[PDB]
There are 4 protein chains.
Amino acid sequence: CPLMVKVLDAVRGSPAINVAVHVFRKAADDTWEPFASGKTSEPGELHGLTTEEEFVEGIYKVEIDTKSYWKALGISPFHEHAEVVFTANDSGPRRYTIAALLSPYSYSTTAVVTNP
Amino acid sequence: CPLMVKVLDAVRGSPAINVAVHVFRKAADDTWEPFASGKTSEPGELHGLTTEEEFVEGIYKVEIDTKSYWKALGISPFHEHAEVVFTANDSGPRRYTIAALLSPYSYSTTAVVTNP
Amino acid sequence: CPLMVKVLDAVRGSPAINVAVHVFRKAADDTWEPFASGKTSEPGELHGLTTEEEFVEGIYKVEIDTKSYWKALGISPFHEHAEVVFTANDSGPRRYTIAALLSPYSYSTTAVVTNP
Amino acid sequence: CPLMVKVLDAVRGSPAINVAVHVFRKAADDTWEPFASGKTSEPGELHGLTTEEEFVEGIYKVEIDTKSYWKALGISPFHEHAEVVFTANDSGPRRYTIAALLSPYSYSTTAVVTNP
């Protein structure tokens, strides 16, 4: 798993479950092309997005469908989605965790990059 | 001001100066049209992006060029930029402050929305 | 002002009004002596806590009564309060802004430190 | 494990390793008495602080020794420590994760409370 997404709900103090997440990779022609997607699990995580072979260096975007999550809870949100845009770099072996901490009018995102 | 952006540096405990900011508005053909741009000042703020008249209802994207900010300080950060995407003015004119708090591998962004 | 506190509500996207704040200073006998207190105003700010003369070097604690804030809105939050503990003025007078961004089960706090 | 602590470094994008963490419980006489402590592991976590039997309802404080962590990295920090103060509540079965995301001049803390 070179790429995992973890989403937390700062209002309820809980994993954010059933959050849609879409990953895109920037193509040679500079448009965003679909790469992987899924929905977060009960632990708030999305595993199995990609493989070491497929996850080559390049620019990626992770879009987290925050608005739909809040709407499901009846809470009026600010953002359409949370967007995380980064370059994958081969720099020796690496695993990327993209974490997001959600509130209705605020989010934080952190990258935890480790070497197994 | 109907739209202001404020950027803070969590490493230095200071406003983030000279950060480039680009604002886009989603067009009828679902493309991101350039709307406004500027750079943060010494207090870490960007004022004067738009006017109440020009700032109509729509979906806006505020792009904060965090990578260039970090690189100029000698840090190779994780993200390319911070993106903030939101519907504005859909229940009438509001004033929006988009704040961002920057660290090399993490950022948070908050919206403060007031009714004039 | 040598010390200002600003508090934002991440649920509502608004300043956090009427939040009680208590400031302490560590005494020679290592107890926390009351230093100043107040409540945030409509812009979510608390000004006028102290003066450059009174705000000597020391270890200070800013206690933000977040629990009472949430409870008044109908939310049972996780934390009792937010505590911010720091050495101040040890390389001469500075101006400190202590910011806090509140959610029911999460908060962040940032310091912006400037030299007048 | 009814109580776990997880600490992340927002500057390096990594778990925060070898961070001292002290837990206190508020005694009948209203003073803070030592309850548990340890240092974070390579994954940035501290497990095994307490047991279900010992972790009774009451007010707890988790102190995270952030200053020492930054100092070890040669980075000048703002806070003496990060302090998390909360009431443990029996509300059916519960597991508490106290997460902290560290920057030199800012931290966030989140409680993730789940039911196994």
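To find a chain, count down the sequence lines: A is the first, B the second, and so on, and within it residues start at 1. Because only heavy atoms are used, hydrogens play no part in the values below, and waters and symmetry mates are left out as well, while side chains stay in.
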Interatomic spacing from [atom1] in [X] to [atom2] in [Y] - rounded to 0.5 Å:
{"X": "A:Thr51", "Y": "A:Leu3", "atom1": "OG1", "atom2": "CG", "value": "11.0 Å"}
{"X": "A:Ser68", "Y": "A:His81", "atom1": "OG", "atom2": "NE2", "value": "11.5 Å"}
{"X": "A:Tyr60", "Y": "A:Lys26", "atom1": "OH", "atom2": "NZ", "value": "13.5 Å"}
{"X": "A:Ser103", "Y": "A:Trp70", "atom1": "OG", "atom2": "CH2", "value": "6.0 Å"}

Intermediate values then yes/no, side-chain contact (heavy atoms from CB on, under 4.5 Å), A:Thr114 and D:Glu42: CA-CA 10 Å; A:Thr114 55; D:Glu42 170 164 8; over 6 Å; no
Side chain to side chain donor-acceptor pair (under 3.5 Å) contacts touching residues 7-22 of chain B (sequence neighbours left out):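 Qualifying pairs, neighbours excluded: B:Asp9-B:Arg12, B:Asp9-B:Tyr69, B:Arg12-B:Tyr69.
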Of the non-hydrogen atoms in [X] and [Y], which two are nearest, and what is the gap between them?
{"X": "B:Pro93", "Y": "B:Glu52", "answer": "CG-OE2, 3.6 Å"}
{"X": "B:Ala100", "Y": "B:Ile64", "answer": "CB-CD1, 3.8 Å"}
{"X": "B:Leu46", "Y": "B:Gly38", "answer": "CD2-C, 3.7 Å"}
{"X": "A:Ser106", "Y": "B:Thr110", "answer": "OG-OG1, 2.8 Å"}
{"X": "D:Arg95", "Y": "D:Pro116", "answer": "NH1-CB, 3.2 Å"}

From CA spacing to verdict: side-chain contact (heavy atoms from CB on, under 4.5 Å), D:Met4, D:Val112: CA-CA 10 Å; D:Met4 197 263 276; D:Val112 185; over 6 Å; no
Residues in ring-ring contact (aromatic ring centres under 6.0 Å, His included) contact with C:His79, at least two apart in sequence or another chain: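 C:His79: ring-ring contact (aromatic ring centres under 6.0 Å, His included) contacts with C:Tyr107.
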Test item: side-chain donor near acceptor, A:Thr31 and A:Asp29, under 3.5 Å: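 Side chains of A:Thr31 and A:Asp29: pair found under 3.5 Å.
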Results of side-chain contact (heavy atoms from CB on, under 4.5 Å) for B:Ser76 - residues two or more places apart only: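 With neighbours one apart ignored, the set is empty.
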side-chain contact (heavy atoms from CB on, under 4.5 Å) against B:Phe78, all qualifying residues, sequence neighbours excluded: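 Testing B:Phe78 for side-chain contact (heavy atoms from CB on, under 4.5 Å), a comparison that skips the adjacent residues, returns A:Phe86, A:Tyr96, A:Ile98, A:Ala111, A:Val113, B:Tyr105.
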D:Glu45 and D:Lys6 ion-paired at < 4.0 Å: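 So D:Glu45 pairs with D:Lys6 through a salt bridge.
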Pairs touching residues 54-73 of chain B that satisfy salt bridge (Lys or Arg N to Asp or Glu O under 4.0 Å), sequence neighbours left out: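 Those involving residues 54-73 of chain B are B:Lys61-B:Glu83, B:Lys67-B:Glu80.
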For a 4.5 angstrom cut-off between non-hydrogen side-chain atoms, does [X] reach [Y]?
{"X": "A:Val85", "Y": "A:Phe24", "answer": "no"}
{"X": "C:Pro104", "Y": "C:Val11", "answer": "yes"}
{"X": "B:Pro15", "Y": "B:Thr40", "answer": "no"}

Residues forming a salt bridge (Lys or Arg N to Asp or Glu O under 4.0 Å) with C:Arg94, sequence neighbours excluded: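 In terms of salt bridge (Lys or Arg N to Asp or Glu O under 4.0 Å), with neighbours along the sequence ignored, C:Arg94 is linked to no residue.
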Residue pair B:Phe35, B:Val62: steps toward the side-chain contact (heavy atoms from CB on, under 4.5 Å) verdict: CA-CA 10 Å; B:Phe35 184 78; B:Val62 175; over 6 Å; no
Main-chain N/O of D:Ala99 paired with D:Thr109 side-chain donor or acceptor, under 3.5 Å: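 Yes; judged by distance alone, with no hydrogens or angles, the pair exists.
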